[PDB]
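Right, one structure below, let's go through it.
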Ligand SMILES: [Co+2]
Ligand SMILES: [Co+2]
Ligand SMILES: [Co+2]
Ligand SMILES: [Co+2]
Ligand SMILES: [Co+2]
Ligand SMILES: [Co+2]
């Protein structure tokens, strides 16, 4: 499986914050023959390599943003709440997959035709699943089931991938790759790989992880929103990015410098910049030197979020070198 | 060296959140002869006096609000983001010091003359450093360098001092004065003095400190914004003020009573009130009894922030008395 | 005795329109040993070179913009009026020097902290001098005293100077320089150098001068606001500018041609353009060929107004050539 193929597979699995089971399972499926692993009370998936002192923690989150079903209407439609940050403009006139205990169902968030001028807020929207009444709907879906967008998967001009969930399924893919490449090597102290839950709603998996683990270095592998005047000269295609500062943290300048040095040593093109949002790494600013490492991502938090495949390839190289040299 | 001159010394040194090096080095220079010290992995400077159980922690922060260089424009101007809370109205038509590895350079944030109505927001502003191109500017300044206002220092009518950085360099100076005066005295158990980092961006230095110290009483020494209908009868010149409640916390009422009692027994005039903001002390409200002790400061977070020298004198006396009697 | 040091010395002297004493006194000190001079009834300082017909007049103004103390509040703050054009945005949160008959006092125009959106109008502002009451304040300052901003002085990348008062203290320095460089030479007719008063409040000094002098050519040496769509391709560093049209006049075109020609004749780089504002030259449009000669200035009428040292270097050579050849 090429990288394109891995990104397609992991982005297609539905799993919002608190509902990460299907992604965890699949990570288990392809790590199990390589490494042992455990699962948290909150649902984090942790893989430890090496032995001794906890030297490095790498975190990529399994949750994507989406919709939580809050109730069913008399007309048999689904009311919902947003989970994570979503622009209301992106909810209107969209197919969704409704994920229930029994299986997965097509749903549709409607639009009103010109035949029959403002942004419709999420609380005025519902999901149509083709039920004719509340009773018919409660047979298919229950409150606290969830929904995520149906996901087109695109490759732009051979170099870019666009699809909902790159954030942070690219991070999941990257850590899996790193795990396979590293299991057979001998490593100084422990290097910990953690696939976290509930990142999109306040870094909940990460904070849980922060009791239980006390790494010298704690890294989040996550998106870097690009591009605008805030993001300086960070560009898609110019390499992985040190996320030095975001809204959640000024990260360790000591650690950024080491990463930058290790990348140059290895001939790995690398970028550094400032952006918006937070990462799991900020949950460890408490105890460890922390940093976030990313690929830059365009149109973040939409169906068309886009990354450059070369940045990702380089990110995997960088993560492995850090495991060796940091 | 008068208090005036000690205040000016420490306020003139540049160090925003995450970039506190220059302040820490100077504090060490001043405290080196008198006591041992340790530096945190996040950069807190810690000084223990005495032996036994951790009775009292005093925190004062080293970081000041300022600007983080995010990028360079095509014409060699510096783009930036704010660090800590700054009213955009205060950015327009100002001199800055841009701080880089290779040293400190002059900079200017321009203003548009009438010759050529509203507040210009931070993201539309740039710093002029006299570069003619992006290339020439990069030789001088890099992204993730920082800038801080040039600082006039004024003495109003003998008794008030006005300059940027009084918050919280007044507290830095207060604690240094307390260390010097208490080091040659037996008082047990342990009295801990911390000069914290990253207070202005969510008390990060203190939250890290909280994982390594567990004092009975945790104090922040910081500003008390004054005056308005929120701040009751607090006045500059009426003495140190107990910061009993702010936006970050309702502090320990029993701790405030003891402090009140110790002040009155030592004949120290003292005040108590409500104001806005948070302090380092709130990072300990999950484990210690907390309080913030302040001098009242007018025009907080600007180049003309003002304190009354006599309140500062008395705060120093109050802090020593607490060391002995709390 | 660098140019930069002269600019600093002359910019730092306080003197608004009508209150130019301190500046005039310092110019007198500097030329005392070189030429005779007269002071007229409004305050202009005039230096005559040569004998005969009044050929050339050069005017540069001594007054700067600033604040006039109008009264003292109950709580002992200073109310004020603006003198000359100042954007209200530049008054908020600033240090000032209050100039009294007794001496110079520190002062501050406050800013309200977030802890306790629009431009605050001048009439809603006051200066804080640390008086506790009207009584104490009136002992320190009286109505009809004045105030100017405290002035940072910056050099940008070695070639730009920035500080309040380059307008028109650069012109004052330029004319002093020329007077020293011409006194030991024989000119045709008279060349008259005048340091005017009250330029910033409607050219009152120059209007007074115009009833006592009738030059063939009348020159203002003053700033040229730059840069915008109005100013064409005028740029700092590209040499002295012929201010050919502003809001106060369409200046003498044939005089512009002559200057242009004497400039090229001397290999002196030079610019011409349109800008806003008025100059002292406009007061002579009544009776003489008039022109205004400048260096381009950025951020005019602020603390960060900026000129290029080479432009100033060349302007001085141009003035001297005009004295020889015009
Ligand atoms: Co993410
Ligand atoms: Co996200
Ligand atoms: Co503050
Ligand atoms: Co503070
Ligand atoms: Co002017
Ligand atoms: Co002028």
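Residue numbers (the deposited numbering), protein chains in the order written: chain J, 2980 to 3095, 3101 to 3310; chain C, 663 to 778, 784 to 993; chain A, 1 to 116, 122 to 331. For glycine and all other residues, C-beta sits at the position ideal for the given N, C-alpha and C.
Closer than 8 Å: residue i CB and nearest ligand 1 heavy atom
i: residue 3138(J); result: no
i: residue 236(A); result: no
i: residue 3098(J); result: In the model as presented, chain J runs from 3095 straight to 3101, which leaves residue 3098(J) without coordinates.
Assigned exposure category for residue i - 16 Cβ within 10 Å defines buried
i: residue 3103(J); result: exposed
i: residue 836(C); result: buried
i: residue 991(C); result: exposed
i: residue 942(C); result: buried
i: residue 143(A); result: exposed
i: residue 724(C); result: buried
i: residue 313(A); result: buried
i: residue 305(A); result: buried
i: residue 766(C); result: exposed
i: residue 3213(J); result: exposed
i: residue 775(C); result: buried
i: residue 3090(J); result: exposed
i: residue 83(A); result: buried
i: residue 260(A); result: buried
i: residue 3197(J); result: buried
i: residue 272(A); result: exposed
i: residue 722(C); result: buried
i: residue 870(C); result: buried
i: residue 928(C); result: exposed
i: residue 3265(J); result: buried
i: residue 115(A); result: buried
i: residue 3022(J); result: buried
i: residue 797(C); result: buried
i: residue 222(A); result: buried
i: residue 754(C); result: buried
Cross-strand partners of residue i (DSSP beta bridge)
i: residue 938(C); result: 908(C)
i: residue 304(A); result: According to DSSP, residue 304(A) bridges with nothing at all.
i: residue 3303(J); result: DSSP output for residue 3303(J) lists no bridge partner at all.
i: residue 3240(J); result: Bridge partners of residue 3240(J): none, in fact.
i: residue 3176(J); result: 3027(J) and 3036(J)
i: residue 3112(J); result: 3087(J)
i: residue 827(C); result: 823(C) and 975(C)
i: residue 3133(J); result: 3075(J)
i: residue 3059(J); result: 3048(J)
i: residue 917(C); result: 912(C)
i: residue 961(C); result: 889(C) and 908(C)
i: residue 765(C); result: 762(C)
i: residue 678(C); result: 726(C)
heavy atom of ligand 2 below 8 Å from residue i C-beta
i: residue 3292(J); result: no
i: residue 3285(J); result: yes
i: residue 2992(J); result: no
i: residue 3044(J); result: yes
Ligand 4 heavy atom lying under 8 Å from the CB of residue i
i: residue 70(A); result: no
i: residue 168(A); result: no
i: residue 946(C); result: yes
Any non-hydrogen atom of ligand 3 within 8 Å of residue i CB
i: residue 708(C); result: no
beta-carbon residue i near ligand 5 non-hydrogen atom, thresh 8 Å
i: residue 84(A); result: yes
Whole beta strand (DSSP E) elements within the region 45 to 78 of chain A, 3-residue minimum: 45 to 50, 54 to 61 and 66 to 72
Any chance you could list the residues with Cβ under 6 Å from a heavy atom of ligand 6, keeping chain order? Per the CB criterion, closer than 6 Å to any heavy atom of ligand 6, the qualifying residues run in chain order as 61(A), 172(A), 173(A), 204(A), 227(A) and 228(A).
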